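J.:
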Amino acid sequence: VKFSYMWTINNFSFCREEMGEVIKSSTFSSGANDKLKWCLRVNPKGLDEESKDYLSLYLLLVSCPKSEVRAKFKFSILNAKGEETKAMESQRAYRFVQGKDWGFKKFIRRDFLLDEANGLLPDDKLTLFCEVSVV
Amino acid sequence: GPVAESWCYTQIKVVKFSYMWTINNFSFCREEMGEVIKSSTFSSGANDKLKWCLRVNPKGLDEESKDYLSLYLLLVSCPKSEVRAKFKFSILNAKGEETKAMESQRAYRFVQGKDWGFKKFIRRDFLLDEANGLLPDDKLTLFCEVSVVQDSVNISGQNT
Amino acid sequence: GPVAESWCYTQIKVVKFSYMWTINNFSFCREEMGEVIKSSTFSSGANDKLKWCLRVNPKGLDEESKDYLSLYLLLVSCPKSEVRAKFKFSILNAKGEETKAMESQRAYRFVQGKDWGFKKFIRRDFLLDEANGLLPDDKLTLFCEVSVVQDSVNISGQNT
Amino acid sequence: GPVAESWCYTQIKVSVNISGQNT
Amino acid sequence: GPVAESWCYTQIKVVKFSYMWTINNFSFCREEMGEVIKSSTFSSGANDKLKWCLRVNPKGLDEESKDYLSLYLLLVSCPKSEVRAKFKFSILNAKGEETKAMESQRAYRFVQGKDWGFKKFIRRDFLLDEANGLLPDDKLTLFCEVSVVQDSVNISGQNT
Amino acid sequence: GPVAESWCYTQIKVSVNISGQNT
Amino acid sequence: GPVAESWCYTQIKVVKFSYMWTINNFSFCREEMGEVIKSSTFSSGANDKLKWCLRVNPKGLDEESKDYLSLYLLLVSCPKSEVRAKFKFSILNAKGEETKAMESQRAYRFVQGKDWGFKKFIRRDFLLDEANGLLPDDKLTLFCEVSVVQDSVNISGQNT
Amino acid sequence: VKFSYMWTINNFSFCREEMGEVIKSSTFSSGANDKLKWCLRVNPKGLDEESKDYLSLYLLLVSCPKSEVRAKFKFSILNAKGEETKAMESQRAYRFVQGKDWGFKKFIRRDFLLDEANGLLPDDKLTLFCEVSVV
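Residue numbers (the entry's author numbering), protein chains in the order written: chain I, 30 to 164; chain J, 16 to 175; chain D, 16 to 175; chain H, 16 to 29, 167 to 175; chain F, 16 to 175; chain L, 16 to 29, 167 to 175; chain B, 16 to 175; chain A, 30 to 164.
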């Protein structure tokens with residue numbers, strides 16, 4: 030049950046909004062069972078002031094038939110060349126409930142992302158690759 | 016970057032206005048501080064219901080400014096409620112390249128009759144000096160570029 | 016060299032009148048303190064209903080200015096309620112160059128029968144001395160130019 | 016030597169204005 | 016008492032929703048950190064599309080709120096692009112009086128599926144202590160008041 | 016004793169929402 | 016007072032507009048720095064060609080005015096090129112009388128879309144506290160009295 | 030040839046302009062010869078910078094049959110009661126030509142005029158009384 034998701038945000042420097050806002054994604058699934066719907070809820074700004082200067086990336090289970098879903102999610106960012114970079118993996122099998130989000134608040138420094146020498150923001154477009162394994 | 020069974024493409028639509036605004040015989044500004052030389056309204060082809068103008072005070076707008084040029088941008092007509100935009104002003108030089116370019120980092124909100132600008136735009140003595148040549152033949156040329164951000168749209172394409 | 020989708024142009028209209036006023040046998044000033052020698056009214060073709068005149072006091076306007084010849088510009092006829100102008104007085108020496116040319120930094124507001132000029136214009140002793148050459152053949156050749164400013168108009172261009 | 020569009024030759028007898173005008 | 020020829024009245028309309036949410040058998044919260052107990056969606060009869068709900072975490076969001084019961088307000092359904100509201104959460108005691116009432120001074124911008132609330136709403140040990148009386152019969156009663164602000168209109172009643 | 020317009024009685028067995173809204 | 020043979024009664028015509036503005040639930044001003052809440056256009060019966068409006072920023076205009084209410088007067092339309100007027104703003108109390116009334120001694124030139132007002136009109140904490148009674152029932156009533164001066168006219172009556 | 034002139038300005042506090050301008054009167058004369066025309070010129074603020082806080086007042090000869098005219102002028106202010114107060118004259122017989130202004134720049138302090146206790150500005154109306162005698 031290895032889901033995958035390559036979601037792209039263009040003209041990202043025009044982030045359009047202030048502190049603590051969300052950029053919701055399209056609900057994605059696999060062909061089977063197609064009854065489990067997930068969406069990446071990214072915040073281009075920090076989610077909290079406790080750890081600001083961060084691209085807090087979350088995974089939310091929007092639709093589910095069962096009471097709970099045990100899933101391991103892994104986010105990553107593609108560079109200009111396109112390999113997997115900043116691959117951050119959640120080690121536990123997190124429990125998911127109807128309308129529940131888990132993810133990495135301290136995902137990546139915004140200052141680290143904003144340098145052009147890193148190549149992590151090519152053509153003002155960022156590509157998030159998320160893999161979800163359901164057990 | 017492996018193959019994704021599903022992908023998305025969020026498009027935060029942006030539109031760009033480009034404006035040149037020329038004042039001849041600028042030394043004959045003819046009035047004291049607080050005066051405003053309004054500019055003719057300008058827009059793009061789309062949506063063309065949004066009308067912007069440049070408001071410039073040849074002298075300082077505030078008591079702290081005095082010897083300062085202040086350049087503002089005003090939205091005179093809006094079909095929506097509010098419009099968020101980033102504006103960048105730059106005084107063109109005698110040869111023609113952009114000098115003294117100062118931009119607003121935040122996407123400022125805009126309503127009808129609401130203006131945003133830089134009171135501390137350029138030193139007035141810097142502007143009036145002949146050596147740097149920001150006022151060639153008593154002409155002041157301001158180039159203003161406005162980027163208006165729109166709502167995001169997701170196309171939601173699912174792969175094999 | 017940026018390219019602007021919309022361009023504007025604001026032109027502030029300035030009209031320049033010039034006047035060369037010579038007074039023969041000036042040393043016979045014929046009167047003491049308080050004398051005003053008026054000049055014949057002058058104007059250009061446009062708009063030809065703005066009539067100005069020059070008014071000089073050869074001795075001086077007031078007791079601070081006994082040794083200071085004072086020259087004044089008087090707007091005798093004007094159609095509008097308010098006229099704004101900037102004046103420059105000068106004196107032509109024996110050769111013909113301008114000498115002691117002093118200008119107005121501000122654009123003063125003029126009205127019917129209002130005078131704005133430099134009371135502290137020129138030393139009397141500097142004028143009468145022959146080695147200075149400012150009084151050739153006893154003829155004081157004053158020379159004035161006034162730039163009157165009008166309200167600006169926006170051309171309001173647009174390109175595509 | 017600057018030029019003007021209007022003249023005024025005020026002559027004081029030993167005061168009238170000739171007021172010649174350049175055209 | 017000054018009589019004015021012209022009057023005006025700018026009325027900003029506030030819509031107030033109120034919510035009483037009781038959770039019986041609270042001590043058997045059945046889950047550790049991270050658990051969210053959603054409430055049934057509630058609304059008032061003002062266009063009946065602004066549906067709100069309350070999300071409580073009986074343990075807390077994170078390690079800074081281990082002993083802090085968080086309580087969030089979530090706007091599930093809304094007609095407009097954004098809604099501006101100010102919310103107040105309180106707890107009822109055995110006598111029914113409000114206790115531990117706290118509110119957000121700002122008017123927060125709400126959107127489709129956005130939660131604005133107090134992570135450090137109440138001490139856990141304060142709540143479970145029986146002498147405090149905040150948990151009568153293992154039932155946690157929460158009171159919520161939401162005031163939605165909308166765009167104002169002008170009446171402008173001209174006076175004789 | 017404050018009064019509310021909408022109620023919700025969540026019961027946990029030994167979790168369903170009654171939502172006894174005031175009519 | 017002996018009887019003069021000739022007299023001249025000069026009338027500098029002045030007109031007076033009075034304005035009362037009421038804002039209900041003012042604490043729900045709903046926006047931060049820079050927000051302008053305009054007022055309905057007001058005028059007198061004669062000549063009814065001069066159209067003004069009030070404008071207030073609840074938080075303030077500039078960094079000097081964080082804790083300062085700012086009230087401004089704006090001439091939204093006028094057929095003449097310029098209008099000179101003196102404006103006086105005041106805030107009524109709970110009992111209804113004037114409080115913290117402060118006025119402008121100088122008459123400012125007004126033009127199409129020009130504002131003149133007091134950025135530091137009243138301290139925000141002074142207004143927001145309950146003891147002074149300056150915000151009764153969350154209502155802020157502003158009384159604006161403006162006086163427009165006109166050109167003088169001489170009747171020139173002659174006696175025996 | 031003793032003229033007289035009661036030249037009144039109402040709502041004077043709404044003085045309509047800043048320092049350095051003139052409120053011109055209408056031309057006046059006597060029945061005989063009715064050819065010599067005079068007019069007062071009063072500057073509500075100071076005429077010149079050192080005057081500033083001053084109410085300068087002048088007499089101007091607009092129309093004259095002869096070349097040069099000798100005249101003694103005396104200005105005064107009529108108070109709330111109506112008597113002649115702050116009356117000071119020009120002892121010298123001043124000489125007048127076509128469009129010549131003679132008078133007092135230092136005629137009265139603006140601040141001394143502006144007290145309500147003095148009564149020199151009743152009902153925002155000021156009453157200049159000018160008496161000029163031609164010899």
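C-beta atoms are modelled at their ideal positions from N, C-alpha and C, and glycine is treated no differently.
#1: What does a CB cutoff of less than 6 Å around J:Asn39 pick up in its chain, not counting 5 residues either side in sequence?
#2: I'd like to confirm something about J:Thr175: is its beta-carbon nearer than 7 Å to some heavy atom of the ligand PLP, or not?
#3: DSSP three-state label for J:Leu88, please.
#4: Is the CB-CB distance between I:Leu89 and I:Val161 below 8 Å?
#5: So B:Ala19 and A:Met35 are supposed to be a Cβ contact under 8 Å. How far apart are they, rounded?
#6: One question on the structure: do B:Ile27 and B:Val164 come within less than 8 Å of each other, judged by their Cβ atoms?
#7: Between which two residues does the alpha helix (DSSP H) harbouring I:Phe141 extend?
#8: Between D:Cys159 and A:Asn72, what straight-line distance do the alpha-carbon atoms span, to the nearest angstrom?
#9: Name, going along the chain, the residues of the region 122-142 of chain A whose beta-carbon falls closer than 9 Å to a beta-carbon of chain D.
#10: Give the interface partners of L:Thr175 over in chain F, defined as CB-CB distance under 8 Å, in chain order.
#11: May I ask you to report which of helix, strand or coil DSSP gives F:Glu79?
#12: Specify, as a first and last residue, the run of the beta strand (DSSP E) that B:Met48 falls within.
#13: Which partner residues does A:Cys93 have in the DSSP bridge list?
#14: Taking DSSP's pairing of strands, which residues face I:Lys66 in a bridge?
#15: Using the beta-carbon of each residue, which ones in chain F are nearer than 8 Å to I:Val98?
#16: Assign B:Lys81 to one of two classes, buried (16 or more other C-beta atoms within 10 Å of its C-beta) or exposed (fewer than that).
#17: Along the beta strand (DSSP E) that carries H:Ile170, what are the first and last residues, could you check?
#18: Considering F:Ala100, what are the terminal residues of the beta strand (DSSP E) in which it resides?
#19: Let me make sure I understand the geometry here. Which of D:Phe57, D:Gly128, D:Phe136 has the alpha-carbon closest to that of A:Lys129?
#20: In chain A, what lies closer than 7 Å to B:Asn39 by C-beta?
#21: With J:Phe43 and D:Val98 assumed to form a contact (beta carbons below 8 Å), what rounded beta-carbon distance in angstroms separates them?
#22: Am I right that I:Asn108 and I:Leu149 are in contact with their C-beta atoms under 8 Å? What's the rounded C-beta distance?
#23: Quick one: list the residues of chain B neighbouring F:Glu20, beta-carbon separation under 7 Å, in chain order.
#24: On the criterion of 16 or more Cβ atoms from any shown chain inside 10 Å, does F:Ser85 qualify as buried, or is it exposed?
#25: Please report whether the beta-carbon of D:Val51 lies at a distance below 8 Å from any beta-carbon of chain A.
#26: Can you give me the start and stop residues for the beta strand (DSSP E) that J:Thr25 sits inside?
#27: Rounded to whole angstroms, what's the CA-CA distance from J:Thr25 to I:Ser105? Just pull it up for me.
#28: For a contact defined as C-beta to C-beta under 7 Å, what are the partners of F:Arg70 on chain L?
#29: For J:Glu145, go through chain D and note every residue whose CB falls closer than 9 Å to its CB, in chain order.
#30: If J:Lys110 sits next to J:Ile137, beta carbons under 8 Å apart, how far is it from one beta carbon to the other, in whole angstroms?
#31: Would you mind telling me which residues of chain B sit closer than 8 Å to A:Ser54, beta carbon to beta carbon, in chain order?
#32: Taking DSSP's pairing of strands, which residues face F:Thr56 in a bridge?
#33: Run through chain H and tell me which residues come within less than 8 Å of D:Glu113, C-beta to C-beta.
#34: What does DSSP give as the partner residue(s) for D:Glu160 in the beta ladder?
#35: What residues from chain J crowd round I:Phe158, counting only those whose CB sits closer than 9 Å?
#36: Would you identify the three-state DSSP class for B:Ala116, choosing helix, strand or coil?
T.: Well, looking at it:
#1: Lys154
#2: In terms of ligand content, the structure shown is empty, and the ligand PLP therefore cannot be addressed.
#3: strand
#4: no
#5: 4 Å
#6: yes
#7: 139-143
#8: 27 Å
#9: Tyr123, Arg124, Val126, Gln127, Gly128, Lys129, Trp131, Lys134
#10: Correct list: empty, because the minimum Cβ distance to chain F is about 11 Å.
#11: helix
#12: Taken as a continuous stretch (DSSP letters only), B:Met48 belongs to no beta strand (DSSP E), as it is neither H nor E.
#13: Paired residues: none, contrary to the question.
#14: I:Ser92
#15: Ordered by position in chain F, no residue passes the 8 Å Cβ test against I:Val98, which lies about 14 Å from the chain.
#16: exposed
#17: Where H:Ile170 is concerned, there is no enclosing beta strand (DSSP E), given that its DSSP letter is neither H nor E.
#18: 98-107
#19: D:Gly128
#20: Correct list: empty, because the minimum Cβ distance to chain A is about 35 Å.
#21: Contact flag wrong, Cβ pair sits at about 14 Å.
#22: 6 Å
#23: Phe32, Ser33, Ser59
#24: buried
#25: yes
#26: 21-39
#27: 17 Å
#28: Result: empty, since nearest Cβ-Cβ is about 12 Å, beyond 7 Å.
#29: Under the 9 Å cutoff, chain D gives no residues; its nearest Cβ is about 17 Å from J:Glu145.
#30: J:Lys110 to J:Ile137, Cβ: 18 Å. No contact.
#31: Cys23, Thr25, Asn169
#32: Beta-bridge pairing links F:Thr56 to no other residue.
#33: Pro17
#34: D:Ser33, D:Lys103
#35: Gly16, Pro17, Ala19
#36: strand
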